[PDB]
Peer 1: 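Let me begin by handing over the structure; questions about it come next.
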Amino acid sequence: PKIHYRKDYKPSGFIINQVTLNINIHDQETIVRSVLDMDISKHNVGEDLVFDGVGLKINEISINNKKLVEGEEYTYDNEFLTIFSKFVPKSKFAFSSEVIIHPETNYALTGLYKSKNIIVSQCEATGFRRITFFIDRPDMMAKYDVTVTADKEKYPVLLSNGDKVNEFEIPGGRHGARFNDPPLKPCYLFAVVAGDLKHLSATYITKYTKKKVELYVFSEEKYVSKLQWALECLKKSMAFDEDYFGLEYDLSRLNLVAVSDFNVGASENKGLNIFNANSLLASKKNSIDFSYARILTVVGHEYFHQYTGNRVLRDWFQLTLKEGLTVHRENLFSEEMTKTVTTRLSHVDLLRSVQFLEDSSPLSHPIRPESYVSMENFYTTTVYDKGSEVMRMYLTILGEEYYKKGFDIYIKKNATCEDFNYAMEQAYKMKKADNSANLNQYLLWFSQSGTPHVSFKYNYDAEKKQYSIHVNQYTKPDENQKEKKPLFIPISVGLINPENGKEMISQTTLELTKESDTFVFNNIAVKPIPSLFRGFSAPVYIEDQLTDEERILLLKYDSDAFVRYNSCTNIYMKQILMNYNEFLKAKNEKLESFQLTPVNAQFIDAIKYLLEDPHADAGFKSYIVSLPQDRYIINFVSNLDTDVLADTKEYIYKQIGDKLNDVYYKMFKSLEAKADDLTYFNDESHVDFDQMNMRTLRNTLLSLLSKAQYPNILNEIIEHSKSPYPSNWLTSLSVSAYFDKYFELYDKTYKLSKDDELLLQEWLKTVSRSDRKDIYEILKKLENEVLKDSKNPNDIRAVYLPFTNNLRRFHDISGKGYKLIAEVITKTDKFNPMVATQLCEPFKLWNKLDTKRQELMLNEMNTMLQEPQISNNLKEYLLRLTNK
Ligand SMILES: [Mg+2]
Ligand SMILES: [Mg+2]
Ligand SMILES: [Zn+2]
């Protein structure tokens with residue numbers, strides 16, 4: 001296992017100036033001819049010429065049109081092509097090769113592969129080496145001249161980077177297309193698409209230069225009518241980057257292409273973005289509401305890669321520089337487009353659940369790691385989502401005006417993470433009106449792993465009208481740093497007058513730079529309730545040390561969506577932790593009788609208050625009636641007994657339900673007209689995020705009412721199944737799990753879903769997530785009847801991943817759930833190591849569970865590690881997760 005270190009970076013001893021590709025696609029094989037116009041760099045020390053090349057079948061290789069001989073002049077071990085230095089020229093030379101690859105049987109979905117009837121490429125991060133020989137690293141900038149040939153019937157549409165400069169016929173029913181892309185680019189931004197694609201098109205005219213831009217969205221013929229929303233999102237993305245960042249698209253054409261088989265959401269390439277079908281295609285009739293926010297964000301994300309990618313990555317350790325930034329730009333875009341507070345809330349909810357788990361797991365790493373073995377395991381929620389929060393904090397610190405200045409300085413001057421911090425430091429100096437002000441401490445956000453803990457204590461003096469906020473920050477030591485240093489933590493705060501719910505001070509961002517600090521406020525007429533970390537201004541554990549009474553007041557009257565949301569969350573956690581220990585204590589002591597502390601009555605009253613408030617947001621309401629995610633809860637519990645937590649959740653839901661179920665039912669009925677309005681059902685460009693939030697609320701309330709066995713709720717469930725919206729009649733399936741009509745809706749909703757590839761995958765998720773006692777028997781049914789031996793990641797993930805969130809069933813004390821997923825992981829690892837690693841996600845919290853379940857998970861992981869044919873990808877991941 002070769003380990004790459006960040007501190008060991010050195011520029012290549014070679015230069016690649018021009019790439020001339022000839023990709024000839026045939027029925028059983030794809031022939032790739034490549035001519036590399038190379039040179040010797042100043043960093044050269046007469047070393048061997050080593051190319052990356054994985055799984056390549058060599059027909060012949062040459063230097064200056066002279067064939068090289070195997071063994072005497074070069075060696076190849078299916079991974080590296082080593083050409084001995086004595087046969088390597090000392091000036092400008094040309095390296096040529098012809099290799100054979102097989103996209104048809106490339107089930108790893110990396111490099112060049114075939115998805116259904118579409119040939120597509122995936123080169124990030126180390127995929128280009130699976131297509132042809134190359135110095136496969138992002139700092140190798142080169143020009144590209146690509147020619148693609150194939151059978152005209154099977155692959156009438158040919159796409160690649162740059163301008164299509166020639167189209168020609170080939171004897172035998174074949175055709176060819178030449179693409180020249182003059183601007184320098186790294187090889188992971190190379191792409192090629194071949195297939196029988198249909199499209200929707202539009203013309204975008206830029207804001208300043210008024211350049212006309214051809215926009216194309218591609219898919220297979222069957223689902224071409226699901227491309228409308230993606231096209232609209234693309235238009236929205238371009239306009240936003242123009243309006244907010246003042247950036248225009250540089251090329252004359254942009255292509256979006258959807259494929260059925262894809263490891264992640266999408267990928268960016270210059271002028272040619274390639275999407276997972278579930279993140280590009282949608283229709284009101286064949287998609288749940290989630291697809292619309294999903295497509296918006298993903299289409300936006302890959303577009304925001306364009307302008308930065310056009311002018312500025314030194315090495316893969318700087319991954320968070322382009323990903324953290326893009327996701328940040330993606331999130332700013334989504335918030336502006338959706339105009340809903342739940343958008344920002346959704347991002348925070350994901351970070352504090354998924355990423356916080358990772359950052360306290362053995363897999364914990366900084367957003368810029370010091371080392372890696374597999375680059376495929378580098379693309380984590382830490383690099384992406386914590387990285388985004390780090391990039392977002394720049395905006396919070398600098399403000400909108402100065403941030404755009406710092407951003408413009410970054411784009412114009414350029415790279416590494418330090419380069420971006422430098423540009424922001426320049427804006428920081430301007431804002432602070434001082435050249436001695438710096439952001440050197442801020443770099444610790446890039447190098448320090450783990451989640452910081454921020455705790456508070458307060459003091460108010462009525463006589464002097466003086467309010468003090470004592471802040472403390474702390475990060476637990478891990479395997480990355482023995483000693484943790486204080487970070488630059490921006491704390492957006494407000495002060496709420498508890499008597500009238502008014503703001504007491506203007507916008508304020510506390511700059512915590514030390515381990516602890518005391519912030520004092522004068523002329524505070526009355527004792528305030530602090531509104532801390534507004535908008536979640538820092539990726540930290542917040543310990544407000546407020547009473548439930550104070551939290552309730554914030555929940556009702558604070559202006560900031562997150563602090564309201566977080567206050568409700570904190571009230572829940574306090575209740576959860578209390579009831580958990582009470583349930584646990586009874587279990588450990590085998591008590592015949594015991595007591596549970598009821599849910600705060602005033603808290604329940606506050607929920608009723610907000611719910612019955614017509615001017616309150618529907619999406620926000622859905623959050624406050626829902627307990628915190630299980631993966632968020634586990635961060636606050638040692639040796640988590642999943643059964644006890646399940647009992648705890650059940651009791652708390654029942655407590656609140658016993659009070660508010662009538663309110664829940666009344667709202668479910670009254671919300672129907674606006675939530676399920678069909679006015680624009682066949683207007684595929686009309687998306688109402690507020691309306692979809694109303695359906696989110698209705699479906700959430702229906703779920704609560706179903707679990708509570710509300711009187712005659714089955715009637716509502718049945719009628720809900722007749723709704724035109726997939727979000728509704730799929731919800732009816734899952735909530736009917738507690739009734740004898742589950743399998744009736746099972747067949748009904750299957751018939752509705754089976755003829756759409758993406759919709760069926762949503763049906764699989766719904767079944768997988770169904771709260772059924774016979775869930776293991778049901779999963780077997782999906783395997784034999786629906787899933788079978790499919791190698792489609794969307795199919796495999798849909799069947800198994802939602803099931804892993806079943807607290808009671810997946811964590812069955814027998815370990816049957818752990819054994820099931822482990823078998824799926826090992827099975828998947830044979831053809832797709834990346835997806836196999838994705839399926840390991842349930843095991844990420846293994847050392848946080850009770851001792852018995854720790855043992856069970858560890859055994860299955862050790863079993864997987866003992867598999868003789870385990871991939872390096874999977875091996876490295878499990879080794880790090882099990883601290884071996
Ligand atoms: Mg091969
Ligand atoms: Mg990507
Ligand atoms: Zn990205």
Side-chain angles (χ1 to χ4, degrees), residues 293 331 334-335 338-356 385 388-389 392 396 451 454 456 490-496 498 501 503 529-548 550-577 599-600 602-613 616-633 635-636 649 652-653 656 660 689-690 692-694 696-697 700-701 704:
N331 289 336
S334 308
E335 295 180 37
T338 58
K339 283 297 176 182
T340 55
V341 301
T342 57
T343 297
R344 173 59 183 163
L345 294 187
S346 70
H347 305 156
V348 175
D349 203 271
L350 195 134
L351 183 81
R352 301 207 296 183
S353 59
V354 174
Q355 198 277 330
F356 278 13
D385 299 313
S388 178
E389 296 295 309
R392 183 183 181 271
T396 306
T451 313
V454 182
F456 298 85
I491 315 180
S492 311
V493 298
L495 300 180
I496 300 297
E503 307 285 334
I529 301 181
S531 178
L532 305 164
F533 290 106
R534 290 186 160 180
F536 192 62
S537 66
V540 296
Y541 285 113
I542 304 171
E543 303 168 5
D544 56 23
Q545 293 286 324
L546 299 174
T547 66
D548 282 342
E550 294 172 317
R551 288 170 180 160
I552 288 163
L553 209 152
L554 287 176
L555 175 57
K556 293 161 62 66
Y557 303 117
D558 195 359
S559 57
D560 186 77
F562 166 73
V563 178
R564 298 178 70 200
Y565 161 85
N566 196 37
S567 292
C568 180
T569 300
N570 294 335
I571 291 172
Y572 270 140
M573 282 307 303
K574 180 168 172 292
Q575 186 70 31
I576 290 173
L577 289 182
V599 173
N600 188 304
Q602 288 73 53
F603 173 53
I604 298 180
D605 277 339
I607 299 178
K608 183 174 179 292
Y609 173 86
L610 296 184
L611 286 178
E612 292 179 339
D613 183 21
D617 180 85
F620 182 80
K621 292 179 181 187
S622 68
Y623 272 104
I624 71 178
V625 299
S626 311
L627 266 64
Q629 300 278 333
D630 292 341
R631 287 181 296 195
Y632 173 77
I633 297 170
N635 287 311
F636 306 91
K649 293 168 50 178
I652 297 181
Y653 271 120
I656 303 181
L660 301 183
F689 289 93
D690 286 326
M692 293 190 297
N693 271 340
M694 296 180 185
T696 291
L697 183 51
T700 297
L701 292 181
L704 294 174

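In this chain, residues are counted from 1 in sequence order. Side chains are part of it too, since the values below use all heavy atoms of this structure and drop only hydrogens, waters and symmetry mates.
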Peer 1: Salt bridge or not for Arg551 and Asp548, using N-O below 4.0 Å?
Peer 2: yes
Peer 1: Please enumerate all residues that pass salt bridge (charged side-chain N to carboxylate O under 4.0 Å, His left out) together with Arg534, with sequence neighbours excluded.
Peer 2: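 Partners of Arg534 by the salt bridge (charged side-chain N to carboxylate O under 4.0 Å, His left out) criterion, ordered by chain and then number, come out as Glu503, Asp558.
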Peer 1: If we ignore hydrogens and angles and just use 3.5 Å, is the side chain of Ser537 paired with the main-chain N or O of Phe533 as donor and acceptor?
Peer 2: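 No: the side chain of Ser537 does not pair with the backbone of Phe533.
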Peer 1: When you check the side-chain N and O atoms of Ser622 and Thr696, is any donor under 3.5 Å from an acceptor?
Peer 2: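 No.
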Peer 1: Anything under 30° is parallel, anything over 60° is perpendicular, the rest tilted; go ahead and classify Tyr565 against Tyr623.
Peer 2: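 Ring orientation of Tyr565 relative to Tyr623: perpendicular.
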Peer 1: Is the shortest side-chain heavy-atom distance between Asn566 and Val348 below 4.5 Å?
Peer 2: no
Peer 1: How long is the gap from SG on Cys568 to CZ on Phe562, to the nearest 0.5 Å?
Peer 2: 12.0 Å
Peer 1: Would you name the heavy atoms of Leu577 and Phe636 that are closest together and state the gap between them?
Peer 2: CD2-O, 3.7 Å
Peer 1: When rounded to the nearest 0.5 angstrom, what distance separates OH in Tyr609 from CD1 in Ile624?
Peer 2: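 Separation between the atoms: 11.5 Å.
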Peer 1: Are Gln355 and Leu350 side-chain neighbours, meaning at least one heavy-atom pair lies under 4.5 Å?
Peer 2: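 Side-chain contact under 4.5 Å: no.
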Peer 1: Between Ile529 and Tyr557, is any pair of side-chain heavy atoms under 4.5 Å apart?
Peer 2: no
Peer 1: Quick check: closest heavy atoms across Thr451 and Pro539, and the distance to 0.1 Å?
Peer 2: CG2-O, 3.8 Å
Peer 1: Could you give the distance from CG (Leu611) to CD1 (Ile607), rounded to the nearest 0.5 Å?
Peer 2: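 So the CG of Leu611 and the CD1 of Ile607 are separated by 7.0 Å.
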Peer 1: Can you tell me how far the CD1 atom of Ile496 sits from the OG atom of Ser559, to the nearest 0.5 Å?
Peer 2: 5.0 Å
Peer 1: Keeping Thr338 on the side-chain end and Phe689 on the backbone end, is there a donor-acceptor pair under 3.5 Å?
Peer 2: no
Peer 1: Does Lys621 reach the main-chain N or O of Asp613 with its side chain, forming a donor-acceptor pair under 3.5 Å?
Peer 2: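 Yes, the answer is positive, given that a donor and an acceptor are paired below the 3.5 Å cut-off.
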Peer 1: Looking at CG of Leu555 and CG of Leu610, how far apart are the two atoms once the value is rounded to the nearest 0.5 Å?
Peer 2: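 Nearest 0.5 Å value for the CG-CG distance: 5.0 Å.
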Peer 1: Within the structure provided, determine whether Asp544 and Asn570 are in side-chain contact (heavy-atom separation under 4.5 Å).
Peer 2: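 With C-beta onward as the side chain, the pair touches.
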Peer 1: What's the shortest heavy-atom distance between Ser531 and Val563, and which atoms?
Peer 2: OG-CG2, 3.4 Å
Peer 1: May I ask you to decide whether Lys649 forms a salt bridge with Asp630, counting only side-chain N to carboxylate O separations under 4.0 Å?
Peer 2: yes
Peer 1: What's the spacing between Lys574 NZ and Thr569 OG1 if we round to 0.5 Å?
Peer 2: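 It is 15.0 Å, given to the nearest 0.5 Å.
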Peer 1: Would you name the heavy atoms of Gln602 and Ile552 that are closest together and state the gap between them?
Peer 2: C-CD1, 3.8 Å
Peer 1: Are side-chain heavy atoms of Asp385 and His347 found at a separation under 4.5 Å?
Peer 2: no
Peer 1: Any side-chain heavy atom of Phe536 sitting closer than 4.5 Å to one from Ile542?
Peer 2: yes
Peer 1: Checking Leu546 against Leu554 for the side chain to side chain contact (heavy atoms under 4.5 Å, CB included) test, could you report, in this order, the C-alpha distance in whole Å, the side-chain angles of both residues, the deciding distance, and whether it holds?
Peer 2: CA-CA 10 Å; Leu546 299 174; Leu554 287 176; 3.7 Å; yes
Peer 1: Kindly say whether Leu627 contributes a backbone atom to a donor-acceptor pair with the side chain of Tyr653 at under 3.5 angstrom?
Peer 2: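 Flag set: sc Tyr653 to bb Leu627 pair under 3.5 Å.
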Peer 1: Any salt bridge linking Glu389 with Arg344? Criterion: basic side-chain nitrogen under 4.0 Å from a carboxylate oxygen.
Peer 2: yes
Peer 1: Considering non-hydrogen atoms only, spot the tightest contact between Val341 and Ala561 and give its length.
Peer 2: CB-CB, 3.7 Å
Peer 1: Within the structure provided, determine whether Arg564 and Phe620 are in side-chain contact (heavy-atom separation under 4.5 Å).
Peer 2: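 They are in side-chain contact.
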